[PDB]
Amino acid sequence: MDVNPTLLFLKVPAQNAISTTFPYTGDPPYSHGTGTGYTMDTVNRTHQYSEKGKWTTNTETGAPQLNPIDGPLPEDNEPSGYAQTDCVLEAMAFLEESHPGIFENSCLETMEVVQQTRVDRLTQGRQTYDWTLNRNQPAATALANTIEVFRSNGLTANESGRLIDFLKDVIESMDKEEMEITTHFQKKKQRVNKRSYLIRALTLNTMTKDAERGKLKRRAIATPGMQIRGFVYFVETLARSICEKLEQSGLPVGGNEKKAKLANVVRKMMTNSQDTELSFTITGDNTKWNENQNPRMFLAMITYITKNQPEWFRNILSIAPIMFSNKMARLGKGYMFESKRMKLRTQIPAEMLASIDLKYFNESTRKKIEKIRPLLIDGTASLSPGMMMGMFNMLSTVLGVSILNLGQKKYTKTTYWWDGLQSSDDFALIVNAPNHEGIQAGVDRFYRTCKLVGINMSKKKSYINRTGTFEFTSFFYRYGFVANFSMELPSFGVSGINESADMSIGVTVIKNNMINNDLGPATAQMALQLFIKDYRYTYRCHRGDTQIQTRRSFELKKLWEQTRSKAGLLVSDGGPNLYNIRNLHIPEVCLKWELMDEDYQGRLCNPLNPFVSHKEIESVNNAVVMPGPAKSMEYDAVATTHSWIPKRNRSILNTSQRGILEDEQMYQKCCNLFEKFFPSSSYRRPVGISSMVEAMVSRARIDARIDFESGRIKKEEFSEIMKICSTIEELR
Amino acid sequence: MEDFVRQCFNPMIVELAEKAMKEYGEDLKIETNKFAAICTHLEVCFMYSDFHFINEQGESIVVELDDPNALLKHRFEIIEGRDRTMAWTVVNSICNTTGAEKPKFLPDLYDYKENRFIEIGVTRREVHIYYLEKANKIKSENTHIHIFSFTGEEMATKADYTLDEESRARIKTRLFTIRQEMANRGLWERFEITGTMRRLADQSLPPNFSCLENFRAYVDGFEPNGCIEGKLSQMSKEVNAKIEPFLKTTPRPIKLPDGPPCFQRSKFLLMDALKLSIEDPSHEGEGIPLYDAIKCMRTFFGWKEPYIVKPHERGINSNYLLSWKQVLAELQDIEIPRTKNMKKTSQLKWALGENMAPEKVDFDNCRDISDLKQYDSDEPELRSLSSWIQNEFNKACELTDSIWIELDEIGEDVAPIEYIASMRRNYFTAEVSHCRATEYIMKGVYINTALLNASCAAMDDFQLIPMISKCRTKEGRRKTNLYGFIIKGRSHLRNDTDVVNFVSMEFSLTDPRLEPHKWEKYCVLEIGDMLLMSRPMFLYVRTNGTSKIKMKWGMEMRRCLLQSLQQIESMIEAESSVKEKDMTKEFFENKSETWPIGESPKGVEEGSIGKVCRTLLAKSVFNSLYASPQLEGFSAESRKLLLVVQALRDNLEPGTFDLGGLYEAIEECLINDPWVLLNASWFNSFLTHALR
Amino acid sequence: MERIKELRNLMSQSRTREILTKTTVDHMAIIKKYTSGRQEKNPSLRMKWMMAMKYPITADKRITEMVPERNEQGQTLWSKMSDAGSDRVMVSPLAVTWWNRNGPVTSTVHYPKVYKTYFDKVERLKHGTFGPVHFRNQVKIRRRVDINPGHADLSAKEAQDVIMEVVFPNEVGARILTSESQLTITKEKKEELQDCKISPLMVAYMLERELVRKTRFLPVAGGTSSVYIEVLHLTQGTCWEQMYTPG
RNA sequence: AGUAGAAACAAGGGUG
RNA sequence: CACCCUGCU
C-alpha cells in the first residue's frame with residue numbers, strides 16, 4: 001500500500017490543507033559568488049524591451065539614452081515598454097474626479113513635514129553606496145563622509161543644521177569642476193573633474209538576491225546612493241500621502257487591514273443580488289513590473305499631481321525623477337577563472353571585462369558581453385529606461401489603482417464595470433456582468449488600457465474563477481479567510497539576540513500566532529516545549545539536576561547547590577520553566593519574583609554589573625527579527641545581567657582601512673564625555689551651535705557654583721574648577 | 001560706518017552680539033542703523049555686569065578691582081550672549097534651587113542678594129511708553145525689573161532696591177559717549193535650479209518637447225479629451241486577453257526528463273543502518289561519547305580483515321580500505337579524552353582533500369596560460385526515476401518498537417481549557433512518538449550539533465565523532481544505540497556557504513549488488529559478519545560535504561513536528577465545532593473517519609488518524625533532508641494547478657489563459673533530485689486519479 | 001570633580017582637540033553612530049557560531065577589579081583582548097553565572113515601582129475569575145482597540161514633556177505644565193522616584209510606556225475592555241470561549 | 001575526487 | 001620557510 005500524501009486532497013479542500021504544501025522546513029538557496037551576469041542580463045532585457053524607442057545621448061555625460069515613449073503600439077502578447085503619456089495623465093485626472101481634494105491634501109501635509117524634517121533622521125535606514133569610498137557603507141558612515149568631503153572644498157550652506165539645505169548643497173555640488181577626494185591608504189588625496197563627478201554621483205550598485213524562496217533562478221537587487229535618499233524621502237512622503245486613503249490601495253498598508261479590506265470588497269460584489277449578473281474574480285500577477293515603468297512617466301505624473309502649489313515644493317519634488325532617469329549601474333564583481341586544470345585560480349577586473357574579449361568565458365556570456373558593450377562608459381552601464389528592484393514602492397501602485405478606477409459604470413460607457421484590489425505585486429480583479437461576452441469584453445478592455453500604461457498582466461500566472469474561493473499575496477480565501485501555519489515557521493526559534501531579549505520574543509511570537517493565525521492551545525504547549533529545549537541547548541543552561549557536561553557546568557552546579565527554593569532560579573540560570581497560556585503574557589522575572597531569594601535578586605538585578613549596555617532610546621527592548629523586508633519587533637522583560645552584547649567582526653584589521661577603527665575610538669571617547677553632562681541626551685538629540693566643549697565647561701561652572709550654595713562641598717573645589725576652566729580655555 | 005561694529009567696540013561684544021544676531025535673512029549690512037543699537041544693548045548690559053561682586057559676608061560693596069583676585073564671586077548671573085538650551089538650563093537650575101519663579105520670556109540676570117531676578121532694556125523709547133510696552137510683555141509675574149535710560153531714569157519695584165550709584169554713573173557715561181557724537185551720518189524658501197542640472201533635466205523630456213518649462217505649461221492645461229477610447233480603437237486587435245476553458249477531464253501529464261537513474265544523496269543512511277545496542281542508564285546527553293562507542297563496538301564477534309566489495313569508479317579506492325584500517329587502531333589507543341584528533345595519514349588526506357585548491361595567483365602575470373577560461377557555468381546533467389523512494393516512504397511511516405522523544409514538562413495548569421489541550425497533546429504525542437521519522441530527526445540533530453560544535457572549536461584537526469542515540473522501550477529500561485562513525489576535515493569557513501569535507505562510515509546489512517545505481521558514490525567495504533543464520537555485515541563508506549547554512553538548518557529539525565499537529569488539530573477544530581461536545585476523543589480513538597492517503601492496485605486505500613499523523617511527519621522530514629532549489633520551484637508552480645483543479649472539482653467554472661506555459665514552468669524544475677521527481681510523479685498520478 | 005580633569009586629559013591631544021573644536025552640537029548626532037560594521041542579517045546563524053567559541057560576549061572594564069580573571073576551578077573568565085571599534089573587554093558566558101552566587105548585593109525592593117506596568121499584570125492574574133468552557137462558532141470582527149490597562153490618555157509629546165520635566169529637571173526648557181491632574185501626577189512621581197538607584201533611560205522608558213495610549217487593528221469578538229484585550233489567549237480562541245474576567 | 005550548481009567551495013593577504 | 005593576525009568587510 002504505497003503511500004501518497006497528495007491523495008489527501010480527495011477529501012480535504014485544497015484551501016483547507018494548503019499548509020501542507022510549503023517546503024518551508026528546509027533551507028533557502030543562496031548565491032555562490034558574483035552576480036554581474038544577472039546585471040547585464042537585465043540591462044539587455046530592458047534595452048530590447050524598448051527597442052523601437054528612440055536612441056539618444058547626453059551633452060553633459062555620455063552614457064547612451066533610450067526613450068520608450070509611446071512610439072509604435074504593441075502587436076502581440078509580448079512584454080513591452082510603451083506606456084502612454086495621455087493615458088497616465090487622464091488616468092489620474094479621473095482619479096481626482098473620483099475623490100476630490102486628495103492631491104491637495106497630500107501637497108499640504110507633505111509640504112509641512114518637508115519644512116519640518118531634519119538631516120539627522122537619515123541616520124536610520126539600510127546599507128548604502130558611498131561615492132567617496134566606492135563601496136557599500138552603512139548609513140551614518142556614508143552620511144559623515146559626504147558631509148566631510150563637502151566641507152573640505154568650497155561649500156557654505158550645510159552648516160544650517162537642517163535637511164532641505166543639505167539637499168540644496170547636494171544640488172550645488174554638480175556645478176564645480178575640481179572636486180577633491182580623500183583616500184585612506186595606509187591619507188592621500190585625489191582630484192575628480194566635472195565629468196567624472198557627475199558620472200560618479202548617479203551610480204546605484206548591484207548585488208545578488210539572497211535567501212528568498214519561491215523561485216528557481218536567482219535575481220539581482222540594486223542599492224541607491226546616499227546622495228539621493230533625501231529626494232527619495234520627499235517623493236516617498238508625497239506618494240504615501242496620496243495613497244494612505246484609497247480603498248483599492250495597499251501600499252501605505254498594515255496587516256489584518258488587508259484582510260478586512262478585501263473582505264468588505266468581496267461582500268458588496270458577493271452581495272450583488274443573485275438576480276441577473278454572474279461574476280468572476282481574476283487572480284493576476286504582473287510580470288516584469290519594474291522593467292516597463294519609466295522615469296519620464298513618473299515625472300509627468302509629478303508634473304500633474306502637484307499642480308497649483310508653491311514652486312519651491314514642485315521643483316524640490318520633481319528633481320528626484322530627473323536624477324533617476326540618467327542613471328548608471330555598476331557591472332559587478334568579475335569572474336574567478338581556473339585558467340587551467342593545474343593549480344591556477346585568479347580574479348579578473350570588472351573593468352577589464354569591458355576591456356577583454358571574454359571569449360574564454362562561455363559563448364552565451366560572450367553574447368551578453370557583445371550586446372552590453374555599447375552601454376558601458378566608465379565601469380558602469382547606462383540604464384536610461386526601466387528601474388531595478390527595490391527603489392520605489394508607491395507610485396507604481398498609484399498607477400495600478402488608477403487603471404483599476406478607470407473601470408466604473410461611469411466612464412466605461414457600457415454594461416461592464418471591473419474593479420478590485422491592487423497590492424504592489426498582485427491584482428485581484430473582480431468583474432461584474434450579466435453576460436459571458438460581457439466578461440470577455442471587460443477583461444479585454446482592462447488588458448488593453450493596461451498595456452496602454454505599461455502594466456502587463458502575466459497570462460502564465462493569472463487565472464479566472466467564479467467568486468467564492470480565490471487567493472492573492474499568499475493569503476488564501478474560501479468564502480472567507482483561513483489559516484496557514486507555514487509561513488511563520490521560520491520565525492519560530494531562538495531569535496539570536498541575547499538571552500533575556502529572546503526568552504521574551506519567543507513567547508511573544510507564540511502569542512501573536514495564537515491570537516491571529518489559528519494556533520490552538522495544544523500546539524501552544526508544543527511550541528513552548530520545543531522553544532525551551534532549543535534555547536537550553538544553544539545557551540548551555542541545562543537544568544540543575546542534569547549531569548550533562550558543558551563549559552558552564554560547574555558554575556551552574558554551584559548556583560544550584562545553595563538555594564532554598566530553586567523555582568526562583570531563572571530559566572537561563574538553571575530554573576524550571578513555568579510558562580503556560582495563562583502565564584504567557586508576563587515576562588519571566590515579573591512572574592517568579594515572589595519565589596526568588598533576596599541576595600540572588602541583589603546580584604541579578606543590580607545596575608552595578610558591567611554586562612549591560614544601553615544605547616539611544618530608539619533601540620530599547622526592541623529587536624529586528626528575521627522574517628518581506630525586516631520590521632522592528634518589540635518585547636518586554638526585566639532588564640538584568642543577561643542582556644549582553646556579543647562581539648563584532650575583527651576583519652578590518654588585516655586590511656588597509658584599519659585606521660577608520662581608530663577614528664571611531666576617538667569619536668566615541670569624545671562622545672561619552674559629552675554624555676556625562678546631560679543624561680537628558682537619551683530622550684532628545686540636543687540642538688545647538690557651539691564647539692561641543694562650551695557646553696561642558698559652561699555647565700561645569702554653573703553646576704559647581706550651584707552645589708556649593710546648598711549642598712556640602714568645600715570651596716577649594718570651587719577655586720580649582722575655576723582655574724581648570726582657565727586651563728581648558730588657554731589653548732585655542 | 002559699514003563696519004562700525006568691528007571698528008570701535010570691543011571684539012568680545014562684536015562676536016557675542018553677532019552670534020545672537022545672524023539667525024535670519026538679516027545680513028551683515030541691512031538698514032544700517034539698527035546693528036549699532038543691538039550691540040549697544042549688549043555693551044550696556046555687559047558693562048552693568050561689571051564692578052559688583054559678592055562677599056561671603058553677603059554685603060554690597062563697590063569693588064574697584066572689576067575682577068576678583070581670589071576666593072570670591074561676582075554679583076551678577078549673566079544670561080545674555082549664552083546658548084538657547086543653556087539659557088533654560090541655567091534658569092531652571094535657578095528655579096528648582098532656593099528661590100526663583102518660572103519666567104516666560106528671555107530675561108537677562110540674577111542676584112543672590114535676597115533671591116531676586118533682574119531684567120533690563122534700553123532703546124530710544126523715552127520712559128513709560130517703553131516701560132509700559134515692557135509691562136505688557138512681562139506683567140504676569142512679580143520680578144525685579146531695574147530699567148535704565150539715557151539721562152538719569154531708573155525705577156525699581158515700588159522703587160525698593162539696594163545698590164550703589166557709581167555704577168549707574170558709569171552707565172550714564174556710556175550712554176553719554178554713544179550718542180555717536182551727534183551721529184555725523186545724521187540719523188535719529190526659494191529653490192531654483194542652476195545651469196548644468198537644468199540642462200540634464202531638459203534632456204529628460206518626451207520626444208516632442210524641448211524645455212521643462214513648456215512641459216509644465218502643457219501639463220497645466222489638461223482635461224480628458226479622449227485617450228483610452230480612441231487609442232483602444234486604434235490599437236490592433238491581436239493584443240488581447242483571450243479566455244480559454246478548463247473542462248472535466250484533467251489534462252495531460254508533466255513529462256519527466258530522460259537519462260540515467262537517481263542515487264541516494266542523503267548526508268547519512270536512511271533504511272540501511274544497523275544499531276549496536278548497549279543496556280545503559282545513560283540519559284539523553286549523558287555518558288562519554290567515545291566511551292559508549294567503545295562499549296558498543298566491544299560486543300560484536302565476527303570482524304575479519306576488510307576487502308573491497310564494490311569499488312568507487314572514480315577514486316583510489318584502496319585508500320578507503322586504509323581509512324577504516326586506521327580506525328580500530330586509534331580505538332585501541334584509548335583502552336576517555338572526550339575528543340580525539342587523528343594523525344595525518346595520507347589515506348585520510350586524499351579522502352578529505354588538502355592542497356586540491358588552485359593557488360589564487362595574480363591574473364595579470366598569468367594571462368599567457370593556454371587554458372585561461374571561466375569555469376562551469378553550465379547546467380546539471382539530467383536523470384530519471386528509480387523505485388527505492390517509495391519503499392523508503394513506506395518504511396518511514398511504520399511504527400517502531402521504541403519511544404524516541406522524551407519531553408520537558410511545563411508549569412501546572414488550573415484553567416479547564418488547559419486541561420483539554422493537555423489531554424489532546426497526550427494522544428498526539430503517543431501516536432507520533434514511535435516512528436522512524438522521529439529516529440531521523442533525533443539522529444539528525446545529534447549529528448549536526450556535534451558537527452558544528454567541533455568544527456567551531458578545532459580548525460585544523462581531523463576530529464572523529466561516533467553517532468550514538470538514546471531511546472527507551474515499553475518495558476522501561478533504556479538502551480543506547482551505535483550507528484557508525486564520522487571523521488571531519490579542516491574547517492576554515494569564511495563565507496556562509498563554504499564547505500567542510502567529512503568522511504562517513506555506516507553499518508549496513510544490505511548487499512549492494514541488488515541495487516548498484518543508488519550507491520554510485522558509496523564504497524561498500526565488507527568488514528565483519530553476523531550470526532543468527534549468517535549474514536554479511538557491510539560498512540558503507542563515502543566522502544561528502546556540508547556547509548554552514550545546511551548545518552544550521554539541520555540544528556533545528558523538530559520544527560517539522562510543528563507542521564504536523566497544526567494540520568491534525570485543525571481537522572479536529574472544524575469537526576468539534578459542530579457536535580457541541582468534546583469531540584477529539586472520538587476522533588483519535590475508535591475513530592472510523594478515514595482519509596485517502598495513497599494509491600494501490602486495489603484502488604485508493606484509506607487510513608486511520610495515526611496513519612495520517614505519521615504520513616504528515618514524513619513529508620516534513622524529507623523537505624529538509626533532501627532540501628533543494630528544484631523542490632521550491634516545483635511546489636510554487638504546482639500549487640497553482642492544484643488550486644485550479646480544486647476550483648473545478650466543485651463547480652466554480654474555472655478558465656485559464658495559458659496552460660502550456662504553466663506546464664513548461666512545472667517541467668523546467670525537474671532535473672535530478674529524487675525528491676522533486678517523486679513529487680512530480682505523485683502529482684501526475686493524482687491528477688489522473690482525480691479527473692473531477 | 002574628576003570629570004573636568006578627564007576633559008583636559010582628552011583635550012591635550014592633537015586629534016581630540018581638532019575634533020572637539022570643530023564638532024558643532026548637531027554633528028554630535030552623526031558622531032554617535034559612525035561605524036564600519038553593519039547589522040547581523042542572519043541573527044540565528046551567527047549566534048550558533050558564537051556560542052561555541054570561548055570569548056563571545058562583551059563587557060566593560062570594571063570586571064577585573066570586580067570579577068577574578070581566574071576561576072575557582074581555573075576556567076578563564078575574561079581576557080586581555082580589547083574589542084574592535086570599542087575599548088571594552090571580551091568575556092565568556094561563564095563569568096555571568098559566577099556573578100550569580102559571588103556578586104555584589106544591593107537593594108531592589110524599591111524595584112517593582114519602576115516596572116509598575118508589569119507587576120500590575122501578575123497581581124491581577126492572581127485574583128482572576130474562573131468559568132466554564134463553551135464550544136460554538138465565534139463571530140469575529142477586525143477593529144481597532146487599545147491594550148494598556150489604564151493610563152493618562154495624554155498625547156505622546158504631552159507625556160514626553162512631562163517625562164523630560166520630571167526625570168531631567170535641570171534640562172526642561174521653557175515649556176510649562178498646564179493641567180492640574182497631570183500636575184498632581186508629576187508631583188507624586190517626583191516624590192516616588194527619590195532614593196532609587198536605577199537606570200535613567202530604563203525608568204523613563206517604563207513611565208513613557210505607562211503613559212501614552214496605543215491602539216491596534218485586532219480581530220475582536222465582543223467587549224473591547226483593555227484589561228480584557230490583555231488575555232485574548234485564554235478568553236476566546238478559534239472555536240471556543242472560556243469564562244474569565246480580569247482582576 | 002567530493003560539494004554543488006548558470007557560479008563557486010576543496011583556507012587567503014603579512015613578514016625571512 | 002619558520003611563525004601568527006581572521007571566520008558576515
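Residues numbered from 1 in each chain as written, not as in the entry; some residues may be left out. Chains lettered and ligands numbered in written order. Heavy atoms only, no water.

- What the entry reports as its method is cryo-EM, with 3.62 Å given for the resolution.

**Remarks on the protein's contact with RNA strand D**
Thought 1: RNA strand D sits among 37 residues. The nearest are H32(A), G353(B), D376(B), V499(B) and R542(B).
Thought 2: Among atoms of RNA strand D positioned within 4 Å of the protein, sugar and phosphate together represent 55%.
Thought 3: A distance of 2.5 Å separates a sugar or linking oxygen of RNA strand D from a polar atom in the backbone of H32(A).
Thought 4: Between RNA strand D and the protein, one listed contact pairs a phosphate oxygen with a side-chain N or O atom of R341(A) at 3.0 Å.
Thought 5: Among the residues making up the surface near RNA strand D, the classes are represented as nine nonpolar, 14 polar and 14 charged. (Near = heavy atom within 4 Å. Polar contact = N/O pair within 3.5 Å; in protein donor to acceptor, adjacent residues only side chain to side chain. Nonpolar A, V, L, I, M, F, W, Y, C, P; charged D, E, K, R; others polar.)

**Here we look at the interface of chain B and chain A**
Thought 1: Chain B puts 154 residues into the contact, and the matching count from chain A is 158 residues.
Thought 2: For the pair chain B and chain A, the summed buried surface comes to about 15,200 Å²; carbon and sulfur atoms form 62% of the total.
Thought 3: Considering only the side of chain B, the residues that lose the most area to chain A are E189(B), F191(B) and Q374(B), jointly responsible for 5% of the buried surface there.
Thought 4: Where chain B meets chain A, there are three salt bridges.
Thought 5: Linking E189(B) and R162(A) is a salt bridge whose minimum nitrogen-to-oxygen distance equals 3.1 Å. (Contact = heavy atoms within 4.5 Å. Buried area = accessible area lost by both parts, 1.4 Å probe. Salt bridge = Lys/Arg side-chain N within 4 Å of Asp/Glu carboxyl O.)

**Some details on the interface of chain C and chain A**
Thought 1: On the chain A side, the residues contacting the 104 residues of chain C number 129 residues.
Thought 2: Carbon and sulfur atoms make up 64% of the area that chain C and chain A hide from each other, which totals about 11,700 Å².
Thought 3: Contact with chain A buries surface across chain C, with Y34(C), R101(C) and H233(C) losing the most and accounting together for 8% of the total.
Thought 4: Between the two partners, chain C and chain A, sit eight salt bridges.

**Quick look at the environment of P132(C)**
All names here are of chain C.
Thought 1: Along the chain, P132 turns up in the loop between α8 (116–126) and β3 (133–135).
Thought 2: Taking relative accessible area as the criterion, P132 reaches 52% and is therefore assigned exposed.
Thought 3: Residues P132 and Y205, 73 residues apart in the sequence, show an inter-C-alpha distance of 39 Å.
Thought 4: In contact with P132, not counting residues within four places along its chain, are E241, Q242 and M243. (Helix = DSSP H or I, 4+ residues; strand = E, 2+ residues; numbered from the N terminus. Buried < 20%, exposed > 50% of the residue type's maximum accessible area, 1.4 Å probe, protein only.)

**Details of the domain arrangement of chain C**
Residue and element names in this part refer to chain C.
Thought 1: When its domains are assigned, chain C resolves into domain 1 (2–29 + 51–99), domain 2 (106–151 + 213–247) and domain 3 (153–209).
Thought 2: On the domain 3 side, the residues contacting the nine residues of domain 2 number nine residues.
Thought 3: Across the domain 2/domain 3 interface, buried area totals approximately 920 Å², and carbon plus sulfur atoms make up 57% of it.
Thought 4: The three residues of domain 2 that bury the most area against domain 3 are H110, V114 and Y115, which together make up 49% of that side's buried surface.
Thought 5: Put simply, domain 2 and domain 3 have two salt bridges between them. (Domains from an automatic or database assignment.)

**Let's talk about the pattern of salt bridges**
Thought 1: Under the definition given, this model contains 65 salt bridges over all chains.
Thought 2: Note that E370(A) is salt-bridged to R373(A), the shortest N-O span being 3.1 Å.
Thought 3: We classify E370(A) as partly exposed; its relative accessible area is 33%.
Thought 4: The class of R373(A) is exposed, set by a relative accessible area of 53%.
Thought 5: Salt-bridge contacts for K521(B) lead to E520(B); the nearest nitrogen and oxygen are separated by 2.6 Å.
Thought 6: Note on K521(B): relative accessible area 33%, which makes it partly exposed.

**A closer look at the domain arrangement of chain B**
Interface size is commonly expressed as the accessible surface area that is lost when the partners come together.
Thought 1: Domain assignment breaks chain B into domain 1 (5–183), domain 2 (192–224), domain 3 (246–265 + 626–692) and domain 4 (276–353 + 383–623).
Thought 2: One C-alpha centre belongs to domain 2 of chain B, the other to domain 4 of chain B; they are set 69 Å apart.

**Topic: the sheet that holds strand β10 (residues 328–330) of chain A**
Residues and elements named next belong to chain A.
Thought 1: Spatially, β8-β7-β10-β12 is the arrangement adopted by the four strands of the open sheet, whose pairing is mixed. The open sheet is flanked by β8 (220–223) and β12 (380–382), the only strands paired with a single partner. For this sheet the average axis-to-axis angle between neighbouring strands, irrespective of direction, equals 35°.
Thought 2: Both strand β7 (residues 203–208) and β10 contribute to a ladder of two bridges, which runs parallel. Within β10, the residue paired with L204 across the bridge is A329. (Pairing = 2+ DSSP bridges. Axes fitted to C-alpha atoms, helices over the stretch in contact; angles between N-to-C directions.)

**Some words on the sheet that holds strand β2 (residues 89–91) of chain C**
Thought 1: The strand order across the open sheet built from three strands is β20(A)-β1(C)-β2(C), with neighbouring strands paired in antiparallel fashion. At either margin of the open sheet sits one strand with a lone partner, and together these are β20 (645–646) of chain A together with β2 of chain C.
Thought 2: Looking at chain direction, strand β1 (residues 57–59) of chain C and β2(C) are connected through three bridges and run antiparallel. Bridge pairing in β2(C) places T58(C) opposite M90(C).

**A word on the environment of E165(C)**
Thought 1: Along the chain, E165(C) turns up in helix α9 (residues 156–167).
Thought 2: Those residues in contact with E165(C), other than ones at most four positions away along the chain, are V172(C), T186(C) and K190(C).

**Quick word on a nonpolar patch on the surface**
All names here are of chain B.
Thought 1: On the surface, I288, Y291 and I336 cluster together into a nonpolar patch covering about 280 Å² of accessible area.
Thought 2: With respect to the helices and strands, the residue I288 is situated in the loop between β6 (276–279) and α11 (289–298).
Thought 3: We classify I288 as partly exposed; its relative accessible area is 36%. (Patch = residues over 30% accessible without salt bridge, like charges linked within 9 Å, V, L, I, M, F, W, Y side chains within 5 Å. Areas by Shrake-Rupley, 256 points an atom, 1.4 Å probe, with all protein chains shown as cover.)

**Some details on the protein's contact with RNA strand E**
Thought 1: Near RNA strand E, the surroundings consist of 16 residues, among which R650(A), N654(A), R38(C), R46(C) and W49(C) are the closest.
Thought 2: Per the 4 Å cut-off to the protein, sugar and phosphate atoms form 60% of the nearby atoms of RNA strand E.
Thought 3: One of the side-chain nitrogen or oxygen atoms of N649(A) is found 3.1 Å away from a phosphate oxygen of RNA strand E.
Thought 4: A distance of 2.6 Å is found between a sugar or linking oxygen of RNA strand E and a side-chain nitrogen or oxygen belonging to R46(C).
Thought 5: In the surface near RNA strand E, the residues fall into five nonpolar, five polar and six charged.

**Comments concerning the UniProt feature "binding site: Mn(2+) 2" (unreviewed entry) in chain B**
Residues and elements named next belong to chain B.
Thought 1: Here, UniProt's "binding site: Mn(2+) 2" (unreviewed entry) annotation points to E80 and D108. Across 29 residues in sequence, these annotated residues keep their C-alpha atoms within 5.6 Å of one another, forming a single compact spot.
Thought 2: By secondary structure assignment, the location of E80 is in the loop between β2 (73–74) and α4 (84–96).
Thought 3: Those residues in contact with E80 that lie beyond four places of it in its chain are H41, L42, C45 and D108.
Thought 4: A distance of 3.4 Å separates polar atoms of two side chains, one belonging to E80 and the other to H41.
Thought 5: Within the fold, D108 resides in the loop between α4 and β3 (118–119).
Thought 6: The residues touching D108, leaving out its near neighbours within four places in the chain, are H41, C45, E77, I78, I79, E80, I118, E119 and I120. (UniProt positions renumbered as here; feature names shortened; annotations may be inferred.)

**Side note on the UniProt feature "binding site: Mn(2+) 1" (unreviewed entry) in chain B**
Residue and element names in this part refer to chain B.
Thought 1: On the UniProt side, "binding site: Mn(2+) 1" (unreviewed entry) is annotated at positions that read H41, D108, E119 and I120 here. Over a stretch of 80 residues, the named residues converge on one spot in the fold, their C-alpha atoms separated by at most 12.6 Å.
Thought 2: Tracing the chain through its elements places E119 in strand β3.
Thought 3: Look at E119 and you get buried, because its relative accessible area is 11%.
Thought 4: Beyond its immediate chain neighbours, meaning those up to four positions away, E119 contacts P107, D108, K134, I138, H144, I145 and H146.
Thought 5: Topologically, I120 is positioned in the loop between β3 and α5 (128–137).
Thought 6: With relative accessibility at 14%, the residue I120 sits in the buried group.
Thought 7: Not counting residues up to four positions away in its chain, the partners in contact with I120 are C45, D108, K134, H146, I147 and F148.

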